[PDB]
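Numbering (the numbering used here), first residue to last: 86 to 661.
The block underneath contains the structure these notes are about, expressed in structure tokens.
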Amino acid sequence: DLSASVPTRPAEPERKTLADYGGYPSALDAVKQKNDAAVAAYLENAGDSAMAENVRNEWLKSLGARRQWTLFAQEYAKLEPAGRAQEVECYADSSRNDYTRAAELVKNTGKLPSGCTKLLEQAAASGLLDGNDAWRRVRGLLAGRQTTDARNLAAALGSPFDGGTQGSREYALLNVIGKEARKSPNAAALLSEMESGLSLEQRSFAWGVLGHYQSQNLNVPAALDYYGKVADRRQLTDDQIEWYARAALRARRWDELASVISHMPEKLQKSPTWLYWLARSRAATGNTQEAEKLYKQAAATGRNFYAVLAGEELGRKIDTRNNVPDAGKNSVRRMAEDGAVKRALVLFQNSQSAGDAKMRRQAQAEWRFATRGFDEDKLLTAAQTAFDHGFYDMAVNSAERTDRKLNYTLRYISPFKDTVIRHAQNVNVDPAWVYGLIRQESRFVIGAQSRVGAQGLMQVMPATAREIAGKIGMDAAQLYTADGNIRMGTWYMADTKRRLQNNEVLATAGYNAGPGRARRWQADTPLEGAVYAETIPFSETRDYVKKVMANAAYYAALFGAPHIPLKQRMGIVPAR
């Protein structure tokens, strides 16, 4: 049985929820304008909502930056700890001279929020930072064009860029490690000339920068030559070491791949990606029992691309039967009466009736707030509540957060079959692949719109819809209707596939990044499909391809199609 236990937090009338939402954008503006009296007025009678939590977090970031520590401390207490923003925590700890968070924060080599950046600078100046990690972060910031943050951290460490010591040497290395300098045909020659005067750590990082550029540019032989000159691989950033593994993977250097993975931080080693590829390396080198152990570890990581591939190496196929019963209908009803769930449903329903996309976004935030810390039984109950109300993305959001109790019909919902199936059939494309793409693109939100303007269930760009419409006799504004969106997106899947040697992996990459990019990422010889996917240079497209194809495997099982292993779906990407 699933438990019937549901929360019973105080509910507020719909009028109150809508009134609070009416003031929400103005409260965020008041934060930006430093109108503390207006922000306090908004919060004074606010419900215990994501609206209040969001405003409070943003206010606290501003209060921390302006050093209003008395008001900061008072408002910080009012956040639920799981709802405190990262930067807010950094400001809070800093104000108490508590640098506990620095040991883990300093391992980040990229941009951090201002409060956390300053926490690290303060720890550095008090001698509370590991020197190896601190200088690795300075180098990471230099290589990531965060020169001001790199400069300020080096000064806090007592070796400023203008001081003639270590900091000045790290800054001078930009002639090799700079964003454009690393691309120069002479970068490796320049680094080789100055190598003698560099420390072990400086040399290792700089070869890592050059290797990373070549690897991400898919110049695999040169990438491996440069990465081979890295004497201390733990000096590399996470991105650098993953791109070393990717080059070794693409070259099928199984021994070197296993060696690189063994130098990764443990968090990277335990990721599905590197558990699976280390297992494949062990298999390729005849270490069969160790491969099996790693495949089992990767398969236990959830419902993701590499967990599915690892299961297949163990002889396990996807099985989409639920391992729990349906939630009882009384619990599904009573879940909607909880005050925080009700608030989210109120904003969702009013976003539909009023055609208010910003209100819908806040309804999502209220849902995530309301379901935070739910156990698995409550997650599965709330997932059905969301589905019944048509809040499709939040049904998936809640169902996908379980670990043990699996409802595949709520993780892999399939609304709109009377439209999607027909359009997919009409262009001869796999309907499970189409559903897998929709799940990733829009989570079944008909009005979804990305930051760059991609529109609808299938997230087609307006510029693309204009081209499509001119080819298949449509008006470009049909992009904004569900049926026209699906017609355009399915046609574009098929057309992109035709332009890319009729390969579904290339087509998935090309849908997101353009066919020109998908073809640039090919090699002069064939690539195993999962190797192509893992070595896609664009991080967004790399994640996209793996998620779409894993989704497709789950949809195909639910749809009852003749079985296609995920490894077969990935197949072989052809040579250019």
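Cβ atoms here follow ideal geometry from the backbone N, Cα and C, with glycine treated the same way.
Residues of its chain near residue i, where Cβ-Cβ distance is below 7 Å and the 5 sequence neighbours each way are ignored
{"i": "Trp154", "result": "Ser180"}
{"i": "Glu206", "result": "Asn237, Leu238 and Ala241"}
{"i": "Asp86", "result": "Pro410"}
{"i": "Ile557", "result": "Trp576"}
{"i": "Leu128", "result": "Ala137, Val140 and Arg141"}
Proximal residues to residue i (C-beta, below 8 Å), its chain only, five neighbours per side dropped
{"i": "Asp247", "result": "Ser253"}
{"i": "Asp441", "result": "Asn435"}
{"i": "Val223", "result": "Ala235, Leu238, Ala239, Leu242, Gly252 and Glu255"}
{"i": "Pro622", "result": "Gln301, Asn302, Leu303 and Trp606"}
{"i": "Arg551", "result": "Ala561"}
{"i": "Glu280", "result": "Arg288"}
{"i": "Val124", "result": "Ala112, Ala115, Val116, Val140 and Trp144"}
Endpoints, the alpha helix (DSSP H) within which residue i is located
{"i": "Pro110", "result": "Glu99 to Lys117"}
{"i": "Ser281", "result": "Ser281 -> no alpha helix (DSSP H), and no H or E assigned at all."}
{"i": "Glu526", "result": "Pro516 to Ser527"}
{"i": "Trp452", "result": "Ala442 to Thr456"}
{"i": "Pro357", "result": "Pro357 to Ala369"}
{"i": "residue 78", "result": "This structure cannot settle anything about residue 78, because the visible part of the chain is limited to 86 through 661."}
{"i": "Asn217", "result": "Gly216 to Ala228"}
{"i": "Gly601", "result": "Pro600 to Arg605"}
{"i": "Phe157", "result": "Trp154 to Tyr161"}
{"i": "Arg428", "result": "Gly424 to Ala439"}
{"i": "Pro306", "result": "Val305 to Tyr312"}
{"i": "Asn139", "result": "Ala135 to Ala150"}
{"i": "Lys556", "result": "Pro547 to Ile557"}
{"i": "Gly614", "result": "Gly614 to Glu619"}
{"i": "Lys192", "result": "Here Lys192 belongs to no alpha helix (DSSP H), and DSSP marks it neither H nor E."}
{"i": "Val91", "result": "Neither: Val91 is in no alpha helix (DSSP H) and is coded neither H nor E."}
{"i": "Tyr629", "result": "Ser624 to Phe644"}
{"i": "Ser199", "result": "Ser199 to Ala210"}
{"i": "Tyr577", "result": "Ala567 to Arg584"}
{"i": "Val393", "result": "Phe390 to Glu398"}
{"i": "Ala468", "result": "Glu461 to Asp473"}
{"i": "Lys502", "result": "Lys502 to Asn511"}
Given residue i as reference, the closest of the options once Cα atoms are compared
{"i": "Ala594", "options": "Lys631, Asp568 and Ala561", "result": "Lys631"}
{"i": "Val91", "options": "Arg406, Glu351 and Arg418", "result": "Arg418"}
{"i": "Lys119", "options": "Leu103, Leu145 and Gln434", "result": "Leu145"}
{"i": "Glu397", "options": "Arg654, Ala592 and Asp86", "result": "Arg654"}
{"i": "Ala615", "options": "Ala598, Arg604, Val261 and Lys652", "result": "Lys652"}
{"i": "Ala603", "options": "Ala548, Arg661 and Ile557", "result": "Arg661"}
{"i": "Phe529", "options": "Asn482, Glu552 and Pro659", "result": "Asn482"}
{"i": "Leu113", "options": "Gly656, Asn139, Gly599 and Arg94", "result": "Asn139"}
{"i": "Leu585", "options": "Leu148, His348 and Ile657", "result": "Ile657"}
{"i": "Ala439", "options": "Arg583, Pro98, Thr93 and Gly107", "result": "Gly107"}
{"i": "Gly387", "options": "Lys490, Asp183, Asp462 and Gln540", "result": "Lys490"}
{"i": "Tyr311", "options": "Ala89, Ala291, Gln231 and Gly538", "result": "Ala291"}
Spatial neighbours of residue i in its chain, beta-carbon cut-off 6 Å, leaving aside the 5 residues before and after
{"i": "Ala96", "result": "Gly424 and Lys427"}
{"i": "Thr102", "result": "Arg428 and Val431"}
{"i": "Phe476", "result": "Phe433"}
Buried versus exposed call for residue i [16 or more other C-beta atoms within 10 Å across all chains shown]
{"i": "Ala274", "result": "exposed"}
{"i": "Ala641", "result": "buried"}
{"i": "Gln374", "result": "exposed"}
{"i": "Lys203", "result": "buried"}
{"i": "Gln325", "result": "buried"}
{"i": "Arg446", "result": "exposed"}
{"i": "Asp404", "result": "exposed"}
{"i": "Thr610", "result": "exposed"}
{"i": "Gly569", "result": "buried"}
{"i": "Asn271", "result": "exposed"}
{"i": "residue 662", "result": "Any property of residue 662 remains undetermined from this structure, which presents the chain solely from 86 to 661."}
{"i": "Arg536", "result": "exposed"}
{"i": "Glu351", "result": "exposed"}
{"i": "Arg406", "result": "exposed"}
{"i": "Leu285", "result": "exposed"}
{"i": "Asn492", "result": "buried"}
{"i": "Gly458", "result": "exposed"}
Residue i beta carbon near the ligand ZN (any heavy atom closer than 7 Å)
{"i": "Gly212", "result": "Absence of the ligand ZN is noted for the structure shown, with no ligands found whatsoever."}
Interface flag, residue i vs chain D, CB-CB below 8 Å
{"i": "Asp105", "result": "Of the protein chains in the structure, only one exists, and it is not chain D."}
Is the segment 613 to 628 close to the segment 494 to 504, with three or more CB pairs under 8 Å?
no
Any 3 or more C-beta pairs closer than 8 Å across the segment 122 to 140 and the segment 444 to 455:
yes
Counting Cβ pairs closer than 8 Å, one from the segment 353 to 360 and one from the segment 384 to 403, do we hit at least three?
yes
Counting beta carbon pairs with one atom in the segment 509 to 528 and one in the segment 630 to 647, are three or more of them shorter than 8 Å?
yes
Please confirm if the segment 475 to 488 is in contact with the segment 168 to 186, defined as three or more CB-CB distances below 8 Å between the two stretches.
no
Touch check for the segment 285 to 297 and the segment 189 to 202: three-plus C-beta pairs under 8 Å?
no
Contact between the segment 318 to 336 and the segment 299 to 309 is defined here as three or more beta-carbon pairs at a separation below 8 Å; is this criterion met?
yes
Is the number of C-beta pairs between the segment 363 to 377 and the segment 335 to 351 that are closer than 8 Å three or more?
yes
Quick check: the segment 156 to 167 against the segment 184 to 193, are there 3 or more CB pairs under 8 Å?
no
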